[PDB]
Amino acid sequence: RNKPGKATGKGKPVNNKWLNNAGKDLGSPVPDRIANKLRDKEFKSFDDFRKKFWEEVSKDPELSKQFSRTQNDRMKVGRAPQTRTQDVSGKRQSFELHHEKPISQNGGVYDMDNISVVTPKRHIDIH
């Protein structure tokens, strides 16, 4: 969980509305273009992965354009973008990374094909 590891997976192609369906079922998948930048890279912890993940989003010319300037600034420094106010939940006001298969069951900490992006509300509902 908080232990190092290599990221893997292919991810999926996405449109100009990547996070549109993020409070859906399993949310939005890791963009294929993002998985290529992260694949086979060693991370200290999942937190380190998440930080790099969002940085890559801000760096991807196609995805960054789907976010406002302030959103892009956050992600650049490794912070998850803020969700629309309607999708928040308490102090959880930003998109969260979800593991389809929990770390305990089958695990898959850095398996980008087991990671998706969901809103705080969706994460609570799926749980």
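We number the residues from 1 along the sequence you see.
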| query | Taking the recorded C-alpha temperature factors, which stretch has the higher mean, 65-73 or 86-94? | reply | 86-94
| query | Per the PDB record, is the mean Cα temperature factor higher over 96-104 or over 51-59? | reply | 96-104
| said: Going by the CA temperature factor in the PDB record, which third of the chain does residue 109 belong to: lowest, middle or highest? | reply: highest
| field | Cα B factor band for residue 21 (lowest, middle or highest third within the chain) | value | highest
